[PDB]
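One chain comes next, on its own, written out as structure tokens in the form deposited in one PDB entry.
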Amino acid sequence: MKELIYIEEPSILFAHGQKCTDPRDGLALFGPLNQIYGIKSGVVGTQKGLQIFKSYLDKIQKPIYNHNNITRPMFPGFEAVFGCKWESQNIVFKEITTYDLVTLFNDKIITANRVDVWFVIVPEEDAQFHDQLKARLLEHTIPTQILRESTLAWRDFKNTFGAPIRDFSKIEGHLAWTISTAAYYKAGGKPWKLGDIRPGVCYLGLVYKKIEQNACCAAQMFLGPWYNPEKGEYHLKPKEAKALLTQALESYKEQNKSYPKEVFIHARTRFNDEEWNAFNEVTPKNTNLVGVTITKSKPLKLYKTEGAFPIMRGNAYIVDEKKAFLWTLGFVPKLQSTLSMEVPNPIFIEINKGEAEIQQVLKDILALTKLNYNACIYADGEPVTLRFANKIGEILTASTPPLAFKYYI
């Protein structure tokens, strides 16, 4: 019988220097870590879309509950949480009526650009519209939240049966929480950070996006986008890896006034020896560079024998000194439920390159699962490194990008 190790759940800091483990609970209790004093909304869409967004804004001012208010924390209201007003009376609207629709919304945005975040209300009546719109707004550095009309007014859009196509009745409070957190983060306020951030460790998410031949994208997490298209392999050329690591190290040195004592590169792909020697030839001697590959849906399923509820999140199977399984999903005791449906898929974390303690690596990944600012969730299945790297990479491949994540998420 293999012994499981348990990773203690990381805490996330909020306002007044208060740390808890649930972004929703901490936001409702202490308030956002960074306090902005208002959100001026810019709405791009039709009159029906503007009315839908205004109605949703009036609704989200009031408290919104979920079907399960113990499993999913309910929404007290935007001002009751974030201490600032995001109302429909502070709205500037650009009336409307794939590349041409992107141009329509993009022009309607940049002609006016003082809003905090531009809300693109998408009529239901284009698989590249979001990424392209987001990409051509990068050079003009607009923080934008795209909201489908079938999300803010999900009841009003039904199939021929009459039931809503997107059933958000059970997660209405969670939907309000996530939309509020996205708007607040895009308006300039970080709602939480890691409660405990190791000093001198730099976290890099290195993903590859297939341009429709693969573009490598690195996102640095400051507790920093990089891009380069290349051939059809998920590996970095010597000069390419050198440039990536040098840019990441210099960004960290600019932010923290010193080089990291450890650098962890998070990837969904293994690192070959060539790109890792390129990485090592540019890192400082006193900086320990570790290559961590995190794969999803590797066919392991630990089933809790006794009960009907799954393996608790934070349990980790240490296969090797370099390879392990981490349950970033599973039962959350604080939520009294599971972050995933059915049985959770553990993420397989390999220390492919470099030397590091596997327990510390899994602790860092569990901590980084908390910084998903694109979602107001208890924790993410994957660390914010890989998630945000993938978001900004798919955004950049749509065609110097800004370093703030609110322009991609």
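In this text, the rigid core denotes the largest set of C-alpha atoms whose superposition between the two forms falls within 1.5 Å. Numbers for residues come from their place in the sequence shown, where the first is 1.
The form deposited in another entry is left out here; the points below concern that form.
- With the core held fixed, residue 346 shows a CA shift below 2 Å between this form and the one not shown.
- After superposing the rigid core, the Cα of residue 359 is displaced by less than 2 Å between this form and the one not shown.
- Relative to the superposed rigid core, the position of the CA of residue 66 differs between this form and the one not shown by 2 Å or more.
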